Every structure is written in C-alpha cells, then in structure tokens.
Amino acid sequence: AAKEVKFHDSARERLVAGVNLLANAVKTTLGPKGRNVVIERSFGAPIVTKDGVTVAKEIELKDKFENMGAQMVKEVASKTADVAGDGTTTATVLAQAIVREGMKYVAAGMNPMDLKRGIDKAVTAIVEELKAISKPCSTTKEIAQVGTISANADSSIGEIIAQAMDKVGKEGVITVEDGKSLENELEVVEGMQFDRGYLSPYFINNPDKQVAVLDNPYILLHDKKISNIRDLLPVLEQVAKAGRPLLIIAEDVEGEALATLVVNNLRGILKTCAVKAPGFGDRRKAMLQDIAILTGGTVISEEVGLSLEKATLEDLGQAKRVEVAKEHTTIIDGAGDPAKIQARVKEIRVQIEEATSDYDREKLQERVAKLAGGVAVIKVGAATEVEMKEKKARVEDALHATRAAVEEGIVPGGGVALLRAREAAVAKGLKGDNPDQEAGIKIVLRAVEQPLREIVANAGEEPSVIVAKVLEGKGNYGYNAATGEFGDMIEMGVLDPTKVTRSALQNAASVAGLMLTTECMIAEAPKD
Amino acid sequence: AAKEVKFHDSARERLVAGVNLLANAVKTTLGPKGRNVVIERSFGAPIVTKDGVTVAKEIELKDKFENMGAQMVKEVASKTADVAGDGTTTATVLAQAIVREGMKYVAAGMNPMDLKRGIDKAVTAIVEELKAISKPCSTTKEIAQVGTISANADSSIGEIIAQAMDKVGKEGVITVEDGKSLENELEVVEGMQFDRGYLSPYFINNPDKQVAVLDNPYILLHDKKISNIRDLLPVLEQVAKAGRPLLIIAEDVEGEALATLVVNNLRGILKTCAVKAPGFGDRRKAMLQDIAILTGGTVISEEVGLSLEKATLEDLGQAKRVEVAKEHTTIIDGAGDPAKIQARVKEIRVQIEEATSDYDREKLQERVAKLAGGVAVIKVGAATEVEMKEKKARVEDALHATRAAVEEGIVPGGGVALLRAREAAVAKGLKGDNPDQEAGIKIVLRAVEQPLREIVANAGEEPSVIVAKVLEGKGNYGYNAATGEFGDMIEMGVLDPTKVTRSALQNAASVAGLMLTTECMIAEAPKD
Amino acid sequence: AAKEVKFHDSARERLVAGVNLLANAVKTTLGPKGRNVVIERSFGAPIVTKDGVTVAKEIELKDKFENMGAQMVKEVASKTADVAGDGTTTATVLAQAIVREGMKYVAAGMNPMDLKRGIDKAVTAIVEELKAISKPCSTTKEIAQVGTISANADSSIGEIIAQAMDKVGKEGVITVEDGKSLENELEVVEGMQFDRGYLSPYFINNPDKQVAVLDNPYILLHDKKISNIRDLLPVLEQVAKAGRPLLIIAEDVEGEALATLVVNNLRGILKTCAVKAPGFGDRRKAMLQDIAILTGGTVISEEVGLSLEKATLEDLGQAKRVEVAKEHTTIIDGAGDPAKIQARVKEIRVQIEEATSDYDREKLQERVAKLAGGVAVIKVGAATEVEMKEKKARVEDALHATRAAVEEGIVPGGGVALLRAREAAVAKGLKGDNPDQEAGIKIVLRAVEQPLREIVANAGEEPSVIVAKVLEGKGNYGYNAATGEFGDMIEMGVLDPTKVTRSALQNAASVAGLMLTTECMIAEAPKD
Ligand SMILES: Nc1ncnc2c1ncn2[C@@H]1O[C@H](COP(=O)(O)OP(=O)(O)O)[C@@H](O)[C@H]1O
Ligand SMILES: Nc1ncnc2c1ncn2[C@@H]1O[C@H](COP(=O)(O)OP(=O)(O)O)[C@@H](O)[C@H]1O
Ligand SMILES: Nc1ncnc2c1ncn2[C@@H]1O[C@H](COP(=O)(O)OP(=O)(O)O)[C@@H](O)[C@H]1O
Ligand SMILES: [Mg+2]
Ligand SMILES: [Mg+2]
Ligand SMILES: [Mg+2]
C-alpha cells in the first residue's frame, strides 16, 4: 500500500528508539542479578523468562519505523541463539552499545560506511584476541562451572549436566524433558534403544517387570511386513535348533506369523519377541542398517538379494541381552565388529556436515549416540509448569553453553573477556585507514565495555567505577556481580564459552554496523 | 470508479512531486559515500539495500497523482536493472534531472513534444560518443576493478568475481548463494554435473567420502524407466566382460534391475552405479542428449529406433572418470568428439537468442556451461541474514557489471563518462531543428552532470565546484569521491561499464521525455 | 499556564525550524535580483516590501517552539535596523548561516559555550579587518552610488539623495514624504522655518502668492500671551519711528493687540505680522531661545527679568528678510553673530548624546538643522499608494545607508567585504584556545560567505562557483549580480557602508551564538 518515507535524523531517531526499546527490555535479564521478564501468551499462562532471545522475539511496536529498528536487533538475538544458544542478551546489549556510540559519530558528520568498515576491522582484531585468551575446557569441574553460570548460578543444574556429559561422552546426546518430581533427575540410556514395544503381551518372560528379556538372542532385521508363517518358518527352525531367543525387527508381524510366535512362547517350545521396525520412511531403513551393523548381522531384504526363506544364522544379528518393554526395547550392546561400527559412525558424521534441516542432524546425532555413545535425559523438577518452563530454558541454556565450551574453549566471564581482548587488540596496533574508520574502531572499543556495565548496573553498583577497576587489573581479574567483589574470574567460577562471546560480538557488529549506515527508511503508512 | 482529472500545472506539480520523492530516496544510495535504505517487510526482518531499483520498487504514495510520477520513474530503474543489472540509481538520478530541467522549459511555454524530440537527439549523440570513449575490458585486473567499484569499494568481492570469470571463462555461469562461513568462498564445478545422486548406498566404492567413483566407465543413456532385468541383461553382459564400470542414467531403476545392480556390487562381479535422469519434461531429454554428445554415445530410446536389448558398447557413452555422490554426479571428461560438442554448443546458443522466458536462457546457459565451460558458485559469507542479503545484492550487482564490462567495454566512472561524452557530442555539432528542440538538447546537457553532482553531494563536497573542475580536465580525469582527490579515473580504479552508463541514460531519457509532454492526468478519485 | 518542555535535539530542531522559516522568507529579498514579499494587513492594502526587517517583524508561527526561534532571528533584523537602518536581510542571512553551521558542531558533541566564545573571537577579528578595508566616503559620486545600491539599483533615488546631502550639508536633516506627482522631487528649506502661519489675512502685503514678506524686520520674542494693547504699545512705538517691520512671535496675539496690528496694517501706519510661538511645552522655549540667538535678540519674559513694557530695540531680534505664509514662516537669515550661533549648535549637539527618546534626538537634530544647516524634503512620486510605500521604504534605506557611509566609510558590496575581511583575519593568525573554540571560528568563516551565496542564488547562478572565483581574487574584485560579471566592485559602483556590514555581522553573531548554546526550551503548552 502507501509508503511513508523518513530521511536523515528523523529516520535514525525512529530507528534508534526501536533499538533502545527492545534492548532495554532485554537489558533487565542480563547478569546474575538480572531479573525475569513476563510475556503474555494468547492461550493464557504467561511465560517467565530470563533469556534475551525469548524477550526479543516477542517485541513488536505500533510505530512501524520504530518496529524496523526492533526487528533488526531481534536478528542479533536470533542469530546468536541459532549459532551458540547463549549470549543473546549480551549480543543485544552489544548491538545497542554500537548503535548508541555510532550514532554520535554519524551525527558528527563522519561517513557511516567507513564507520562500518572500522567496526568490522576492530571486531576482527578483538575476535582474534579472544582466541588467544581462550583456554580449553578439559576438566569436568569447568563443565559444571560453565553450566552453573549459564543456568543463573544454579549449581544443581551445572552438576547434573557435567554428570550427563561424563556418562555419554562427547558423542552422546543430552535432552531436556519435564519431570514428575520436584527434583532434577538424570536418566542415561546406554547402548541402542529405538523406543518400540512388543506386539503381544505374551512375549513377556518375567511378570515383575512386564519386560521381555532375551539372553544371547538372535536379531532378525526385515524391511518388509511379515504376515504369513511359511516364509518365517525356515529361520525359526534354525534358531529353534540353536535354542537362543530370536528378536524379530520388522515393519509388522501379524496374522499367522504373530500367532505362531505366541504359541511357541506359551508352550515354551521357543522363546522369542517381535518389535516394529523403528522410524518411518528412509530413516527406518537407515536405523535398520545401523542395528544390523551393530549386531553383526545383515538386514534381510529382496532389494539387496537376500530372502527370508533363504536367511541363515550368519545373516542374523547377535547380542548378549535385549529387553523389550511396553513401548521401548534396548539392545544392551551389539555383537558387531567395532571397526565396522566406527566406520559407520564416521560415515554419519561425515554426512552430518551436509545436513540442512534442523531436525536432520539432530536425528543423525541420536543415531551416532545409539551406535557409539549414549542418550541422556535430564528431567527438570518443578512444582508448577511455569517454573518448569523457566527451569527448562535455564537447563537448555546451560546445555548449549557447555557444548560451546568443549568446542572452542572458555574465557573469563562477566564481560572481562571482551575487555581483555580489547586491550590486547589495541596493544597489537589496531588502526584504521582513515579517521572515519578510526572512529569506527573507537565505537567497538567503547561498546565491548557494555556487557560488564549492564551486569554491574543490574547488580546496583556504579558501572564506570567497576569497569575502570577491571581495566586496571590483568588476566582473569574481574568483578563478581553475585558477591560484589573483585578476584580471579576463573577461580570464582565465572566462566564463559569463548564461542558464545565471539558469536555475540560478531552478530551484534554485523547488524549494528548496518544500522549506522541508514539515511532513508521506508515503511507502510498508517491507515489514517 | 469515479476519476479525478488534473490539468496543466496542477497536474505537473503532482507528477513532479512523485518523481522527486522517489528519486530523493534513491539519491541517498548513490556513489561510494552513499548510504543504505531500510525497507520494512511484512514478514519482519527489514531489508537494508543500497540498490536503486530495490528502493524504487517499494515506493508507493497515498496521493494517486503523485503516485503516477513515482510509478513512472520507478520503472526507469526496473528497465535499467533488466538490461544491465546496475546503474539503476544513476538512471533514476538522470530521470529526475531531465524532469527538473525540462519542467523549467515547459513552464516557459516551450512545446514539450519538441523538447522530447530534442532530448532524443541529444541522447543519441551522447550515446554515440560513449561508444567512442569506451575501451574493451581485456585484463582480469580491470574486471576486478569493475567488480570492486560495483560492490561499493569491496576488493574481496571484486577479486573473487575476477577469479570466477578466469576459471569458468566467458562461456561459464556464475551464481551467488548464501555461505556458512563468515568469508566469501568460490566453488568451481568443472565438466558436467547434473545434481542427481545414486539410487542405493551400496553403489559406494570408497567409504571415506561416501562417494561412488568409476574409472573409465560406460554411460548408458535411457529416456524410459527401467524396472525389469531381462532388458538390462544384454547390455550388462556387454559391460561385464569389458571390465569397465557402467553408469546408468535413466528415469528410474527399481525392482529387479536395481536389485541386480546392487547384488553384483557387493559380490564384486560387476561394479556399476545408477542415477536418475536429470531434469523434468523436455528439458530432461535436452540434457540427456547433451550428455550423450559429450560422452560420445547415443541415448537409447524406442522413439529413435534404438532398443535396450539391442544396445551395444558403441552406443554407450564413455568418460575418463565419473564420481557419484549422495546428491550429485560429475562427469570429469566426456569422450565425445570436440567438433560435435562445439556444434552442439552452437545450436544451444542459437536457441539462447530465441529464448522467451527468464528461466529459459538461464537453463540454456547452464547447459552451455556444462558442455563447454564451467559453473562457478560464490558463497557469500556474513554473520547475520540481514548482512547476508545486503552483501548478496552487492555481489550480484558486481557480477552484472563485470558481465556488462566484457560485453561492451569500460568507461571512466564517477559520472565522468557522461561529461566526456557530452563535450564530444557538443564539439561534433549537436543541434536541433527549432529553438524548442535546442532547449531539449540543453536539458540533456545539464542532466548528464547530475550523476556526478549527486555522487559529490553524498560525499559532502560542493557539486558545482567539483563538476567545473572535472569539465576543465580532459580524458579520464575525474574526481574520486572515496578519497576526495582528482586524478585519472582509470588509473585510480574507478571504472564503469559503458553498457550500464548507456542503458541508464537511454532509459531515463525515454521516460522523463514523456513526462515533460503531460498536460492532463487521470486517477481514481479518493473515497471522500 | 501549563508549560511544555523540550530537551536536546528535539528542542534544537524546533528552534532551527523557526530560524529557517523566518530567514527563508527574508532570503527572497536579498540582492539586486531579490524579489518582493507581500504581507497581509488587517485594514486591507497589503504592503509590498523588499526589507528584511519588515518581513521578519510580521512572521509569527503557530508552533510555539518554532516561534521562539523565529522571534530570536526577528531580533537580529530589528537591532540591525535600529543601529544602521540597512543590512537587515544580510544580518538575517548571516544569523541563519551561523546557526546552520554551528548546529553541525553542536551535533558533533562540541561544547556550544566554547563555540560561542570562538564565534565572538572570529567576529572581533573580522570587524577589525573591516575597519582597515573601509575607505572614507568623501565624494558626492560615492554618495550617489551608495544610495543607488541601497535603493535597489535606482539611480534617480541615489542622485536625489546625493543632491539633498550636498544642499543641507552633513549637519542638515533629510526627510521622506509622499509626493503628488509621479516623479521624485527635492525641496530644500534654508534658514529657520517653524511651520507657523500668520494670525490674520490682513497681514499679507502681496496678494499674488498670499504671503506676508517683511524686509529687514524686527523680531519680538515673547513667552507669554499678548492680548492687551497697553503692554505692546511701548515696543510698537519704538519700531514705528524706525520704519522697519515687526514680527511678533508669541503664543497668541488676540483681542486688542491683534486688532491694533490689523488696523495699522490696513492704513499703512506700521507694517507687521504676528505668528504663534512654535512648539509645545519646553520645546517651545528652546526653539524660541534659538530664534533669539539666531536673530541676535532676547526673549522678552518676566521669568528672566525682561518686561514687554520695558522692551527696547536692542532686545529685539533682527533679520534681513522674513516671509509668513498661511501655515508657515521662514526667517531667511538671522542677524546674530556666528560665534554665538555655533556655541548654541555645540550645546544642542552635546545634548543630542544625552537624548533618550527617538523623537528626542530627531527634534534636536531638527533644531540644529534650523540653526546651522538646512532641511530637505524628498517627496516620493508614485502612481498608487502600494507603490508609494514600497518606494518610500527604498528611499529611507538609501538615506540610512548614505548616512552610514559618511559616518564609518564604504566597503566593496556584494558580500565581498566580509570575504576580504575573513581572508585578512585568517592571514593575521586568528585562532582559539581549544578545538571547540577553533570550530566556533570556522563557523564564522563559513557564515560570512552566505551573503554572497544568497545574492548569487537569487540571481540564479551557482553560489559555490562564484564564491570560489571571488575568493581567488584580491582587493575590490567581486561579482556584480545585476550584470552577472566579475570586476572591481568600487568601479562598478557596488558599494556598501562598512557600518552596515559591521552591524549586520555583530548582531547576527550575538544572537546566533546564543542559539547554539540552547539545551532546553520552555513554552506554553497548546490549549487543546
Ligand atoms: N557471578 C557473576 N559475576 C559476574 N558476572 C557474571 C556472573 N555470573 C554470570 N555473569 C555474566 O553474565 C552473563 C550471563 O548473563 P545472561 O543473562 O545469561 O546473558 P546471555 O543470556 O546473553 O549470556 C555472562 O556473560 C557472565 O559472564
Ligand atoms: N571511488 C569513487 N569515486 C568516484 N565515483 C565513484 C567511486 N565509486 C563509484 N563511483 C561512481 O558511483 C556510481 C555507482 O553508483 P551506485 O551507488 O553503485 O548506484 P548504481 O549502481 O545504480 O549507479 C558509478 O557510476 C561510479 O562511477
Ligand atoms: N549589482 C550588485 N551586484 C552585486 N551585489 C549587489 C549589487 N547590488 C547590491 N548588492 C549587494 O546586495 C546587498 C543588498 O541587499 P538588500 O536586500 O538591500 O540587503 P539589506 O537590505 O539587508 O542590506 C548589499 O550588501 C550589496 O552588497
Ligand atoms: Mg546466559
Ligand atoms: Mg552500482
Ligand atoms: Mg539594503
């Protein structure tokens, strides 16, 4: 429809007002002494959150020109959440600091394109200094400290995450679900479990658990439905001769085939259990192949030339124990050759880099976890689901930060890392080509102080005095906003993932630099 | 509905007001010191653009009479983007200058139709002088300079585009897509790649990369589905005793045929791979014939008289090497006669001259690139999506300008080319048939100074002083707005494609000349 | 009532908007090619003026915050008109230039109080250089040129004013009144005339022109009413045997005294005339004393000790000729000694410095003109009243400028004087204490170019090109906007009073400097 066009300061003033409104709301949640933000939901039960990205995504302004500024800052938080899962409040605070400091130079008449080029030059220098300052996260104590800090000083969340990563290793998958009790509990699933139950209660061999337990069983992988007994009889006779139990993993076992199994179970002639093949579509085939590789067998399929009638014991997978519950079954550990298992894991991890869908690599990682790792479930305990949603966001934030810690390392928290990186970059000789680029560098140098300033401001102290004292110190020296005292940030456990710090600065600079270079602003005009 | 009618000056002022509003918004982005324009999107994430056509297309005015002026100037940039892909801001600036200068003569009682005839006469003379001033773009250094200027003084974009054109040649195709890293990367695909993967993972011969490499294989081109085995056996036997691998390019290979190929792969009897035929509809037939010509084979089809059962080794295509990945295969080098390949390329380029849809020659050029060239992919690296879109537009603009540079040549940039062409045209005796036509010539003579004036105005200097100094100079002498220094434009790297300059002037003159001849305007009346 | 308070840039943008609105209206009248402004009057007959002060005084804005800015610029023009009577448009233009240039430095974060201090420092230096450039106005040709320029290139007005100043000298008084003809006419009144007619038509001695001429008469000065014949008889008898006529200057001659004079005139016994004493209150006494000093007589008053009954011939004033018309009488030349006349003139000129009212010094100058000079009346000729008012304002401007020219000298016009003074001041080492004061100096250096820029802009040429050419010249070299050519401005007759140029700059700097220091604006809130 009709468009309203704003120029020069009338457009920048509207843009900055939208930037400030969104960032001020996100500001309140920053730091250990940051406070919660309540966001109304259409379906009732307002959410309480301390996450910057959650607050940013819910902000829309009636003024369309102000809304444009808010939408661009919302991009900073959204990108930081996507790439790091943490630091969205820090990224939003940094973006507002760059805009606030950059608009002073834009009003001073300097070329904003050179300011943006100077901003990029300074951010590149500071990010390189962050890499040098960063230290690897090797000890599980550091993992707990990183998780504790990112969970808003919750030691229980940090400890349970450190235990989860210890149990499932680096290749494991950790998820967060609602708990039933009031306390956090960690459930670790070892081996391969594909969450499929038996097709008949008569497969159960012990009533105290209602779980079909098979000791040293054969595993039959089939990619087609099984209904008649004629084709399944030849393999049944072989496993009957051996005496070992048989686990039939196929799309479905019904009619004569299912009936025959339950008869042999009741009379004790042959113990067996049947489960549905996990997953739908091609994912069902992929996990079926993984089970065959893990169990040392081959999936029987006419697409590969194998037939159920001609299937032999060598084509069947093996294990020492599998237990089938009402809705899940776990192969404790397959009998396949570990070299082939490692090769299969290598193939998936190579293909992981090519994954595009967000659910794609998530489902590919659980396959790797099922193969050569474990799956940990952290069940969050809370009295009410409004507290459960708040705690789950904190647990998920701590999981993202701890994952980023093992990837790129850790740096001192409380905004100290940006200050230390800034001083190193300046000492190295950071400079611009023209005075406008030098001003752009000075924008970033002042802006990196903002995360510490807003942390201190939320704590109720004077940001300028604290920042000056921190700059006087060297190394990991910093300010603990939780206790209001200075000290070695690493010793007091205030740790930040360097990936989160680097991502927050890079995302903030890219968007805030563009917002400095705006002269005209076009939005749809109001409906009178 | 009801129409409101405006006459004489009352109509012209409304028309000019719409011209000025659109052109002023586009003005802000002109030159190296031009600034960005933010346009709000309905779905959030406002776009930040420096392109004139992008800004112009989003401008609509509440006043319907002012909207006509905006709509008519808007399509000056639309036509310039269509034919050159660059210079849309220059075209919009030129169109406003002609309207502004022409309205003075219309208000002076001069015949606007003779003004339009004089404008056309002057533009024809200036365009001819642009051809004489233009110099061919031979060196790759000039290509980098042209790309750097069009990417808003970004040497990385200019250098990567120059490398891309060097690798793929004049007949190659270069595309721009999003990157995953923060840096621009160039991926060059040589030979023929048709972005289709294998039909079965068992075709993989090396698990390190999950790829299927066939060395000196036969290629079977089939335009019909393959499902049974009795037809594929005669050609499979012929492939078998030769020892070379076989690549089957058909619509689909399922059932018995797929199983037989998979079975022989595991047993090692005969190594082969099967891929789906690329393309849909008649386009699938076209590239299948191209593959047959490239590989020195014939597509087996009952529509031509060939049969799969009667297919022989001579009918099969050959290549030195082909690799089949999960989603694409690349024929490294076909065995076809280069004379036939050149003839095939000649036929397609003839069809290119006749293509009527935008995707028609685009796919036709892709076929030519697959045959006798290469496909280069520039992955733009940016931290956020908003910066990614802005960078991609700059890379696309630089690609269009470099293509225009090799097509028609280069001229000194910064509005110098129009000034030099104007002086040459005046010195050649440019005159009209009557004083009204002479005024139309004087409109264009003043208008061509506007691109330099607006570049200098955005740079903050005095346009009239700079223009006078530039006119005092000769040849490539000009003003560098980036550095604020006078000098040789070609030596300083400020290069412009002569096609972009010619297209901008011709499109601006055609529309702005018509706008001078308007005496009555008719629009739908407002709803009270 | 309730007050609305604005801060920072919101307050400044409203202040500047009011400044620009008033100055843009005044801009249109600047220079030889400036155009008229029509102002609505409540009682009909709109005034057409080219005066900056007249246009500025009529401008009031609905926005109270914008009105505050307009009221301060209106103050610049009012002060310039008060002290110089010309240069009000130049002062308004200079004030806007300082505000426009100074707002850029205020927006750059510089201290505006130091900007004001730098502005004052630069203006002091430039005014000093204006004194050196200024040359005295000693020739009547220069007076005509100064009057011609200030009358908007009207040679007739300049010539008639030059003639008027020649006739009445430097001590004379020139006034402007409406004329009955279509051409300007100059009426010079020599000697003492106090615009008082005879008391009876029988005093007329020649009916051709209805005037009463007395040759070598005695003058009787009386400060009290004369009604009875008894007191007037002793003096009347004394002048009877002398044979000379008698002029009686008293407040009133009525009753027996008036009748006796009429009877003696009719019978020819004693020729006489009687007039009212000019002026009211103490001004009547002062002018009566001046007449006595001029005529060499004494004022017969009981307040000094003299009595009408004891009045003698030596106490009576004398003159060689006096003529009494219906409403005025002129003493051709008094018989008093020049030494006492000059002493009386010196006393009044000393009192002139002490005058506290505008009419106070105006009437004092009239007394001095009556004593030792002349009174010239310029009757402006015009066809209509609207043209008469426009012409009268131009004549008053030329009168004010010519008076300023003889006081302080003349400088090259067209804004050249400010440019030459700026170059001399910079070459002399004009500098500030701190960089903020240096910026304040740079404000004035750019601002003094504005009068030439707006003169050229009204002429339709390019201001920046002309200014550069003028600056590259030296001395009186400048641009003639009337003829559009460069040359010696003194030779071409474009002259300006250095008092007008100095007053315009000083008044503009004082107000515009304060406007830069604005942070908060308090105005009455709208009444809703
Ligand atoms: N006890 C503490 N003392 C000082 N700083 C702390 C402390 N705990 C956390 N921080 C800092 O606060 C930041 C976490 O605030 P948070 O609201 O999580 O921001 P974000 O979600 O953007 O990471 C971290 O950068 C960390 O350095
Ligand atoms: N450093 C420079 N100095 C002077 N002129 C330049 C410089 N860089 C680019 N230009 C000029 O600016 C113009 C580029 O305008 P641009 O903002 O890209 O819009 P468009 O591409 O629509 O013309 C070109 O004509 C070029 O000649
Ligand atoms: N022929 C001319 N060429 C150039 N400048 C001129 C000419 N005539 C007048 N001027 C300049 O124009 C100014 C007069 O403009 P005017 O509207 O009278 O302004 P103001 O009333 O404020 O003095 C003078 O300063 C004079 O120097
Ligand atoms: Mg956090
Ligand atoms: Mg361009
Ligand atoms: Mg004047």
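Residue numbers (the authors' numbering), protein chains in the order written: chain G, 2 to 529; chain F, 2 to 529; chain M, 2 to 529. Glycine is no exception: its CB is placed at the ideal position from the N, C-alpha and C atoms.
Within chain G, partners of residue i - CB distance below 8 angstroms
{"i": "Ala-109(M)", "result": "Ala-108, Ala-109, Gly-110"}
{"i": "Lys-34(F)", "result": "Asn-112, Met-114"}
Exposure label - residue i; buried when at least 16 CB within 10 Å
{"i": "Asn-229(G)", "result": "exposed"}
{"i": "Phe-281(F)", "result": "exposed"}
{"i": "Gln-343(M)", "result": "exposed"}
{"i": "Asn-153(M)", "result": "buried"}
{"i": "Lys-429(M)", "result": "exposed"}
Beta-carbon neighbours of residue i, restricted to chain M and to distances below 7 angstroms
{"i": "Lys-105(G)", "result": "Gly-110"}
{"i": "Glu-463(F)", "result": "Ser-465"}
Closer than 7 angstroms at the beta carbon, the chain G residues around residue i
{"i": "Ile-270(F)", "result": "Those do not exist, as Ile-270(F) stays about 12 angstroms from chain G at its closest Cβ, beyond 7 angstroms."}
{"i": "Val-381(F)", "result": "Residues of chain G passing the Cβ test: none, with the nearest at roughly 13 angstroms."}
{"i": "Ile-134(F)", "result": "By Cβ distance, chain G contributes nothing, its closest Cβ being about 29 angstroms from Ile-134(F), past 7 angstroms."}
{"i": "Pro-47(F)", "result": "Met-69, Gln-72, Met-73"}
Beta-carbon contacts of residue i that lie in its chain and below 6 angstroms, excluding the five residues immediately before and after
{"i": "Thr-89(G)", "result": "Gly-53, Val-54, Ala-78, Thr-81, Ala-82"}
{"i": "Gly-382(M)", "result": "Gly-180, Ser-182, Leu-183, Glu-184, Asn-185"}
{"i": "residue 546(F)", "result": "This structure leaves residue 546(F) out entirely; chain F is present only between 2 and 529."}
{"i": "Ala-513(F)", "result": "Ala-96, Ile-99, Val-100"}
{"i": "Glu-188(M)", "result": "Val-378"}
Residues near residue i in its chain [Cβ-Cβ closer than 7 angstroms; skip 5 each side]
{"i": "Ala-356(F)", "result": "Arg-362, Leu-365"}
{"i": "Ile-294(M)", "result": "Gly-337, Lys-341, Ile-342, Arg-345"}
{"i": "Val-6(M)", "result": "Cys-521, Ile-523"}
{"i": "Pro-452(G)", "result": "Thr-91, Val-94, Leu-95, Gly-416, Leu-419"}
Pair within 8 angstroms by beta-carbon distance, residue i and residue j
{"i": "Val-407(F)", "j": "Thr-499(F)", "result": "no"}
{"i": "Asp-489(M)", "j": "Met-111(M)", "result": "no"}
{"i": "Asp-209(M)", "j": "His-329(M)", "result": "no"}
{"i": "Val-174(M)", "j": "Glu-354(M)", "result": "no"}
{"i": "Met-522(M)", "j": "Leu-16(M)", "result": "yes"}
{"i": "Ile-301(G)", "j": "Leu-221(G)", "result": "yes"}
Chain F contact residues for residue i, given Cβ-Cβ distances below 8 angstroms
{"i": "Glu-348(G)", "result": "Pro-208, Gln-211"}
Chain-ordered neighbours of residue i on chain G, where CB pairs are closer than 9 angstroms
{"i": "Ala-92(F)", "result": "Within chain G, no residue comes near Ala-92(F); the closest Cβ sits about 18 angstroms away, beyond 9 angstroms."}
Spatial neighbours of residue i in its chain, beta-carbon cut-off 8 angstroms, leaving aside the 5 residues before and after
{"i": "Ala-426(F)", "result": "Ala-123, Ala-126, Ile-127, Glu-129, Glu-130"}
Contacts of residue i in chain F (Cβ-Cβ under 7 angstroms)
{"i": "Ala-469(M)", "result": "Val-466"}
{"i": "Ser-511(G)", "result": "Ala-383, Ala-384, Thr-385, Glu-388"}
Decide yes or no for the touch test of the stretch 359 to 369 of chain M against the stretch 155 to 167 of chain M: beta carbon pairs closer than 8 angstroms, at least 3 of them.
Of all C-beta pairs linking the stretch 359 to 369 of chain M to the stretch 155 to 167 of chain M, fewer than three are shorter than 8 angstroms, placing the two stretches out of contact.
Measuring CB atoms only, is the stretch 369 to 385 of chain M touching the stretch 131 to 138 of chain M, in the sense that at least three cross pairs come out at less than 8 angstroms?
Contact between the stretch 369 to 385 of chain M and the stretch 131 to 138 of chain M is absent, because fewer than three Cβ pairs lie under 8 angstroms.
Within 8 angstroms, do at least three Cβ pairs link the stretch 386 to 400 of chain G to the stretch 465 to 482 of chain G?
Too few Cβ pairs lie closer than 8 angstroms, so no.
Can you find at least 3 beta carbon pairs, one from the stretch 107 to 123 of chain G and one from the stretch 456 to 474 of chain G, that sit closer than 8 angstroms?
Segments in contact, no.
Quick test of the definition: if touching needs 3 or more C-beta pairs under 8 angstroms, does the stretch 330 to 349 of chain G touch the stretch 280 to 295 of chain G?
Counting Cβ pairs under 8 angstroms, three or more are found: they touch.
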